[PDB]
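> Whatever this is, show me its structure:
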Amino acid sequence: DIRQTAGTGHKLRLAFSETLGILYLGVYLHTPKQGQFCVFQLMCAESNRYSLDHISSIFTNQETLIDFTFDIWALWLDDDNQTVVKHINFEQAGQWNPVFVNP
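Numbers count the residues shown, from 1 in each chain. Please see the structure below:
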């Protein structure tokens, strides 16, 4: 899936939140067009078993993922040492903001 950027397939696939509940995850899927993300709930119970339950099936980004912190920060890699960062507010809805600078 590397295309022209050899070694970029090596990336984190799983992020967790800093919310002291620790109750949900972010997961990255790769696709021919740059991937998707999923969100899962974690339910813990007196039955002594933990459930991992789907919430967000799909989520759409842009450049080649380095790392992500899940509100979902996405940090991306491009050629010649280039970068882009993106935020998305999710509510099912998505508001998006990227990074671009011309100096």
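
> going forward, measure contacts between C-alpha atoms and count neighbours the same way
OK.

> residues contacting the residue nearest to residue 28 when sequence neighbours are not counted?
Nearest non-adjacent residue to residue 28, counting by Cα to Cα, 6 or more residues apart in numbering: residue 37, 4.5 Å away. Contact analysis of residue 37 by Cα atoms under 8 Å, 6 or more residues apart in numbering lists 26-29, 56-60.

> Who are the contact partners of residue 69?
Contacts here follow Cα under 8 Å, 6+ apart; on that basis residue 69 touches 15-17.

> ok, it to residue 50 distance?
23 Å (Cα to Cα, to the nearest Å).

> ditto for residue 9
The value you get for residue 9 to residue 50, if Cα to Cα is used, is 30 Å.

> who has more neighbours, the two?
Each of residue 9 and residue 50 has its neighbours counted (other Cα atoms under 10 Å); residue 9 has more, 14 against 11.

> Pretty sure that one sits against residue 28.
No - contact criterion Cα atoms under 8 Å: residue 9 and residue 28 do not qualify, at 11.8 Å.

> could you pull out the strands for the protein?
14-16, 24-29, 36-44, 50-56, 64-69, 72-77, 83-90, 94-98 (DSSP state E).

> and among those strands, the most buried is which?
For these, the largest average neighbour count (mean count of other Cα atoms under 10 Å) is found in strand 64-69, namely a mean of 20.

> how big is the angle separating that strand from strand 72-77?
Angle, strand 64-69 to strand 72-77, by axes from the mean of the first three to the mean of the last three Cα atoms, to 10 degrees: 150 degrees.
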